[PDB]
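Next up is one chain by itself, shown in structure tokens, the form deposited in one PDB entry.
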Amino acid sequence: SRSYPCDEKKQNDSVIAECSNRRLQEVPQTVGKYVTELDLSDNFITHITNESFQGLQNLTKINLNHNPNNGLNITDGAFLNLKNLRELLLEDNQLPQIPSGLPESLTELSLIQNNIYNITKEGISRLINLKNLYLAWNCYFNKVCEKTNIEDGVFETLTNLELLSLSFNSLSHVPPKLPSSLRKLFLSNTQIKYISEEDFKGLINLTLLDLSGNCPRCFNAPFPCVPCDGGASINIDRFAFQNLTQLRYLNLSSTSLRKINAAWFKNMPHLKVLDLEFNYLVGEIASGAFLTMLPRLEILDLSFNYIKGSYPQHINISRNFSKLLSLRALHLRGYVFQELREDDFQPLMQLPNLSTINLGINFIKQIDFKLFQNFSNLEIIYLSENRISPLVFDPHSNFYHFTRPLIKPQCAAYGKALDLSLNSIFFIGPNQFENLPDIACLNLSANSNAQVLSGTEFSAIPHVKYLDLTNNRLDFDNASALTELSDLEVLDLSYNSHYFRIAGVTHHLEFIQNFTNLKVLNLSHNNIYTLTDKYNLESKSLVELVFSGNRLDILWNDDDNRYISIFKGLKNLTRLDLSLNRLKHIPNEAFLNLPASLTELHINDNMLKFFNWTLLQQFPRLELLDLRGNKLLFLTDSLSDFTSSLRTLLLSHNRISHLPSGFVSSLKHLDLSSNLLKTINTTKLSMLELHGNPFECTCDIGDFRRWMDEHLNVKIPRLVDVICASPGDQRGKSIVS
């Protein structure tokens, strides 16, 4: 049978029910008995009783987050009948207290983003099987919340607990009687001003300790904060981390630290990640005794440690940075200094495993680029948001660290990456890339660069494979533009316009024919409406062309039909994006001249009023045709006469009111959602999208309903959104039942 209202899926030897965002006012009683994991998040469920999951005895995981989208009423012992429930997520439910009578079988419990101010034995201590306990964000920057009360010895009985998260709660003191089984202790933003010798003594298995946001550096803080009296730092006793021999992660970000006691690391020889951002450590970076205590540190973050009102000429890096033998990544954003000299970075040049140097947001005016060559194995050189000139919310997130890749993985995958985006490189200077290592990935985005590309600018780094030139004012009309980058595979020219042309802008794309290895070209939002001498693009290697945000309506509306074969020369194109080109219709001869090698064609978000389906005959390899967001009214009744390869047909957000007698053995995905269908009058179809249509739920919908029951292989997603528009009697209800 077809599941409702949930989307049941087979996951790793289990059956899962995706039942989120369905507007459900209560727990559905139509859930499969075989289902073991239930996701009911983002609904209007208001009550959970003993008879809420009565027919679902085999459940191991329940997610009730963000319910109801004025709190969630849960009865005492509502979950007690679920003898195999191991993971219960009750986040953002406005709970006033921890639910009474929770099953002892629980190994993972989350109560994040509630109004729980009393952590009691009555609700926690009976759960001896708990391994992960999340109680963060209960008493944070909000009213009614004064202090979180943690009953003495509540966690003492949880001898299997490996993760305890008490972050964003007014604690003021590290809770006593914590179980020695602990591995991760999260105490961020807990108002803990002092850490004593007895606070973590028993935690000999602790691998992660998060103490960030306690005594925050408030002008820099990501959250509304009150600093410790007199702007004081966190007070950590000399022997606080004395028996934390297994520590791998220590987060001390935004703790107003001015001095770092080197004795804190004497017993952690395995510390791998140390987060020291948002502190006052400019002096400690210059003469850090602690640097000699971290031989196994791989990630060091000393970002946003700038001195308020200061813009020093140089960065002072202690020579003891050379004792960080295991270092893989150094993050030094927001130090804010004017010049980087070759000698300032001498301590780092001996680190054999140093692959990332993060110097973003430093406002560096001058860098001696020859210094980068003197590095063992640099892979990422991140210099975004500096001032180099032409050389002639989610509560489960990391709030202090930039976790996303600094450079796009697709770029970095080619080799040594140099990110010089958002700097003052308004033209490419004659010596711009002098003394640079073998750069394979280069970002020069958003530099206000209005260079006239001639074929000499990138000769100093000729092995660039991926070049990002987006959000600039480049002139590439010379047919020799970028030809010095003979190995170029990816070229991003998005959001580009001539700096001075006001009345007429005529593009010359002859340079593209010079590349023997160019595979991806993005000319999006270049506002291209006329071509110069060569009116038609040519390439033997080009695989993908992104032409969105251009004026193909103007080009293909030419009185002389000059742009009738504009992309015919791209003999190996498999992907073409023609979205956002204001197209009302594509001329039959202009469509027939698209490359026959195409497999994915996107003409979405245009204004197409007509589409000659017959022309699909000239494209035997076309598997995806995307026509969403147009104004099409007719569908061909002879689709199998025009295609035998089409697998996906995307047609949502169009004006289709009639499905013709015929709806193609190749077609697997048919998207007809958000159209104007009132009714639907052996296939190999695996998905049919129909939500958003004005279905008329009279006896006429019965034939289609019978079709839905015979073909259970055809997955119809979002059945709660396949709704009756008429009659008034059925309006709002789903076409099912």
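Note that the rigid core is defined as the largest set of C-alphas that superpose within 1.5 Å between two forms. Sequential numbering from 1, following the sequence displayed.
The same protein also exists as the form solved in complex with a small molecule; that form is not shown, yet it is the one meant from here on.
Using a 4.5 angstroms limit between non-hydrogen atoms, residue 143 is distant from the small molecule in the deposited complex. In the deposited complex, the small molecule sits within 4.5 Å of a heavy atom of residue 249. Among residues of the shown chain, residue 169 is not one whose heavy atoms approach the small molecule to within 4.5 Å in the deposited complex. Proximity of residue 528 to the small molecule in the deposited complex: non-hydrogen atoms within 4.5 Å are absent; the residue sits far from the partner. Within 4.5 Å of the small molecule in the deposited complex, a heavy atom is found for none of 576, 606 and 651.
Between the options 647, 193, 131, 272, the residue in contact with the small molecule in the deposited complex by a heavy atom within 4.5 angstroms is 272. None of 406, 639, 95, 564 but one reaches within 4.5 angstroms of the small molecule in the deposited complex through a heavy atom, and that residue is 406. Here the chain stands by itself, but in the deposited complex one stretch of 652-660, 299-307, 625-633, 555-563, 299-307, has heavy atoms within 4.5 Å of the small molecule.
Note: rigid core superposed between the shown form and the other one; among 126, 328, 183, 498, the CA shift is 2 Å or more only at 498.
Once the rigid core is used as the reference frame, the Cα position of residue 558 differs between the shown form and the other one by 2 Å or more. Once both forms are fitted on their rigid core, the CA atom of residue 222 lies 2 Å or more apart between the shown form and the other one.
When two forms of a protein are overlaid on their rigid core, residues whose CA moves 2 Å or more are considered shifted, and residue 507 is one of them between the shown form and the other one.
In summary, the C-alpha positions of residue 505 and residue 601 diverge in the deposited complex, ending up at least 3 angstroms farther from each other than in this conformation.
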